[PDB]
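These notes are about the structure you will find just below.
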Amino acid sequence: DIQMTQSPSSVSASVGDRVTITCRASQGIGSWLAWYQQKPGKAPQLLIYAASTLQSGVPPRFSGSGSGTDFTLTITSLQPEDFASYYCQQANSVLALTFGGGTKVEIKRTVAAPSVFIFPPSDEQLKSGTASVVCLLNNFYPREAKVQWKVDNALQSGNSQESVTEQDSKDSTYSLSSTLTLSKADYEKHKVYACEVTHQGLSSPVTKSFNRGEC
Amino acid sequence: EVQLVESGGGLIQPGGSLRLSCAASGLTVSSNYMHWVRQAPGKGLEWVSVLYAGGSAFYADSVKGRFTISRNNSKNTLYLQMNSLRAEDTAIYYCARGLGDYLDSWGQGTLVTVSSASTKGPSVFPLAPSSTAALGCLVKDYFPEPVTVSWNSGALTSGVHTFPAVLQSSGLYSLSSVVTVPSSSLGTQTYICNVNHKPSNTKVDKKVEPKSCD
Amino acid sequence: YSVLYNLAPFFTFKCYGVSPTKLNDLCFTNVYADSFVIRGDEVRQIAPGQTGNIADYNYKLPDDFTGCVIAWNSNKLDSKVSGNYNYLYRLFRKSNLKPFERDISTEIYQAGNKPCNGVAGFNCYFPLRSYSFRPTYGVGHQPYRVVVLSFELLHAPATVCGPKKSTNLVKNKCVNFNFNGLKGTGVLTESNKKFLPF
Amino acid sequence: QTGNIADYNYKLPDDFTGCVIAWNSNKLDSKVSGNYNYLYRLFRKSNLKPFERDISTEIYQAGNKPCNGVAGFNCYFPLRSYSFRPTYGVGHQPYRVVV
Ligand SMILES: *[C@@H]1O[C@H](CO)[C@@H](O)[C@H](O)[C@H]1NC(C)=O
Ligand SMILES: *[C@@H]1O[C@H](CO)[C@@H](O)[C@H](O)[C@H]1NC(C)=O
């Protein structure tokens, strides 16, 4: 019953910007503290060993310390290679069992306008009895990507799931796709299926509309 | 100068028996402390088991002591015994060492996947680009992880974005892959997506081309 | 043992093998006291069978152990804002040892195949670390002064016994007196005879 | 007999006639987190008579300060919980005793 949760869930910052992450404990733990950098595709690497002393093979600019139940970590001179998940493990004195949810940091893309595309379901999938409608969003920033669906000019809720990729290493972009899953019998009941996207880079919301059967 | 390697992982039925191996390069396993950590997809890392000097070991509170630790000092390696596998046990395994309630060096990692449900092939559905352009392929109803999607047998790499797998309400994974192509090459270049993963041993090739009306 | 009540935050007995009701009448020929400091979040570590970071490395309690253990809060004595570094604990060792022994040797730990030969380098660290304590810690990180009490039953002539002598005397009345074990009834009367000191 | 239970919980007279039955209940009455449903008494003002049940919840008073129904200075709770667990030895193993 450690009951630790890392807040905030996600932040966005770039080179020369100010960013920090705070990890707190529900119960009083001593001066012991540690931080880990978890990136996909390989094992995570450590940051520090003691409360203030760093590791031999880590940048010297990582800063983080605390005395009470609240701890924080921040970076002095941000680099593009330090964008991974952050985790905290202070102490347990018996088995070292303490961790939080985690926090992922992303770098800006000058608030790029999203590229909105709509994918109609294939005829092969319609034979199986399931219709999937996918609204594609690409080359956008920040996370405020609305995929608010409009079926026959009516509101839809609790029928689509969103997936976000990791940031690219070349151009540092986002990628979001939401799939609208419905039964075959409900697919031909309606005619108009559309998804609208609201973004900071767009002055007005952009809606991509396709019709079932209608050219 | 120090590197940790893991072996023995792979697909296994629930309730099976398997022994893991982890050899330390330049380190004696009979002296230092070793730690085991797991990380199921969708959530963070979680400690598994720890070994003391000898005759004592502590496990997780949720589990009922289903891992037994056996260490041989002659081979300088470690052995673990799988017992009473469940659906929640499907996670990545990292070989770790610890000192002073701190972790310094971790291995590359091995995968252990418990499949209560049988392995099924992936269903590929094309995503025809309607009249730059966006096109891709849809992978639905596949299990278990992972799958690798390549375009034109790896020739097409610019603009390819493989979306992470999501868990549906039926317990099956769904994945999408798209690529941004200018509209001037829609009718001149044929684009194919490769969907294949070794758990199912199914090789599916799909062609994506635009078409009139729907 | 009648001075047992001195502190309001006094912790319970949790005696192992000897009930606190019968400690007064039972006699122990030898009493051994072992005092050392333990953090507040492993106060239950001192028990036979139970292992941990300190149970099998600094003080092991045998299964056939008699006596009791006690603890109390002392967070306002051995704590400072700067930090206390006088107390040291051992962390790295080859294996567990026999109970009831003291270890003084603090040689360099061997963890890798290549020996370090007393040089603090890779695969070898100092096993002796300090108790970092602050007065702003939580309810599980206070320095607790703990003393371990053990006895020996049937091993030597016994001298340590509780007070059972009724705390008063009788003159000019026949009572069932108990003079160091013998029970008799009679009136205690002054005698004119001369008695040798032995 | 003299003990924690033989003095304050259950006594058997010298002229008692009958049998004592014991069985291991570690496979049934034990709990992984500990069975606290069964409790025992450790503090009483005087020795308990045989074939007598003590159901008083009064706080035992050692000093002159009145406990006022709660524990504190020279005041302790006579009722204590058992430590019945299946992963421990005979001492923590519950036994079904019928007299
Ligand atoms: C014996 O002791 C008494 C006093 O206790 C004394 O008066 C008497 O003289 C003693 N007997 C002899 C033979 O000295
Ligand atoms: C019965 O109650 C009285 C007080 O009313 C008490 O003095 C006595 O000790 C009790 N009997 C036993 C066996 O404890």
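Here, each number is a calculation from the coordinates, and none is a lab measurement. Cβ coordinates were reconstructed from backbone atoms using ideal geometry, including for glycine residues, and neighbour counts include every protein chain displayed.
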Of all residues in the stretch A:100-122 being touching a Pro at 6+ places or on another chain (Cβ under 9 Å) and facing chain B (nearest Cβ under 10 Å), which is farthest from residue A:38 (Cα to Cα)?
A:122
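Restricting attention to the stretch A:10-30, report how many residues are crowded, with 20+ Cβ neighbours inside 10 Å and within 14 Å of chain C (Cβ to nearest Cβ). Before the answer, list the steps.
So in the stretch A:10-30, the residues crowded, with 20+ Cβ neighbours inside 10 Å come out as A:21, A:23, A:25, A:29-30.
Going one step further and asking which of them are within 14 Å of chain C (Cβ to nearest Cβ), we end up with A:25, A:29-30.
Matching residues across the stretch A:10-30 total 3.
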Only one of A:178, A:209, A:163 is assigned to a strand (DSSP E or B), within 11 Å of chain B (Cβ to nearest Cβ) and farther than 23 Å from residue B:164 by Cβ, namely A:209
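For every residue, the table says whether it meets (1) over 11 Å from residue A:180 (Cα atoms); (2) among the β-branched types (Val, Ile, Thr); (3) crowded, with 19+ Cβ neighbours inside 10 Å.
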residue	(1), (2), (3)
A:122	yes, no, yes
A:128	yes, no, no
A:132	no, no, yes
A:137	yes, no, yes
A:141	yes, no, yes
A:151	no, yes, yes
Taking residue D:69 as meeting all but one of (1) out of contact with any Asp or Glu (no Cβ under 9 Å at 6 or more places or on another chain); (2) over 21 Å from residue C:22 (Cα atoms), write down the number of the exception.
(1)
Taking only the stretch B:1-41 into account, find how many residues are within 14 Å of chain C (Cβ to nearest Cβ) and within 19 Å of the chain's Cα centre (by Cα).
1
With the requirement that a residue be assigned to a loop (DSSP other than H, G, I, E, B) and within 14 Å of chain B (Cβ to nearest Cβ), what does the stretch A:53-70 give you?
A:53, A:55, A:56, A:57, A:58
Could you give me the residue pairs with C-beta distances under 8 Å whose first residue belongs to the stretch B:43-71 and is within 14 Å of chain C (Cβ to nearest Cβ) and part of a loop (DSSP other than H, G, I, E, B), whose second residue is among the acidic types (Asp, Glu) and surrounded by 15 or more Cβ atoms within 10 Å (Cβ to Cβ) wherever it lies, and which are 6+ apart or on separate chains?
B:52/C:56; B:53/C:56; B:56/C:56
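Take residue C:162 and tell me if it is more than 16 Å from ligand 1 (Cβ to nearest atom), in a loop (DSSP other than H, G, I, E, B) and surrounded by 10 or more Cβ atoms within 10 Å (Cβ to Cβ). Don't jump to the end; show me each part of the working.
Numbers: more than 16 Å from ligand 1 (Cβ to nearest atom): yes; in a loop (DSSP other than H, G, I, E, B): yes; surrounded by 10 or more Cβ atoms within 10 Å (Cβ to Cβ): yes.
Yes: the conditions hold for residue C:162.
Filter the stretch B:162-195 for residues that are in contact with an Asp or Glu (Cβ under 9 Å, 6 or more places away or on another chain) and more than 15 Å from residue A:179 (Cβ to Cβ) and give the result.
B:186, B:187, B:190, B:191, B:192, B:193, B:194, B:195
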Among the residues of the stretch B:172-213, the number that are surrounded by 11 or more Cβ atoms within 10 Å (Cβ to Cβ), touching a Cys at 6+ places or on another chain (Cβ under 7 Å) and within 11 Å of chain A (Cβ to nearest Cβ) is 3
Looking across the stretch D:34-56 at residues that are within 13 Å of ligand 2 (Cβ to nearest atom) and among the hydrophobic types (A, V, I, L, M, F, W, C), the single one that is nearest to the other protein chains (Cβ to nearest Cβ) is D:43
Members of the stretch B:32-67 that are polar (S, T, N, Q) and surrounded by 18 or more Cβ atoms within 10 Å (Cβ to Cβ):
B:32, B:49
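Those residues that are on the phi > 0 side of the Ramachandran plot and over 26 Å from the mean Cα position of the chain (by Cα), I need them from the stretch C:98-147; list them, please.
Taking the stretch C:98-147 first, the residues on the phi > 0 side of the Ramachandran plot are C:100, C:117-118, C:123.
Selection gives C:117, C:118, C:123.
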Looking at (1) out of contact with any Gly (no Cβ under 8 Å at 6 or more places or on another chain); (2) more than 16 Å from residue A:138 (Cβ to Cβ), which one does residue A:184 not meet, given that it meets all the others?
(1)
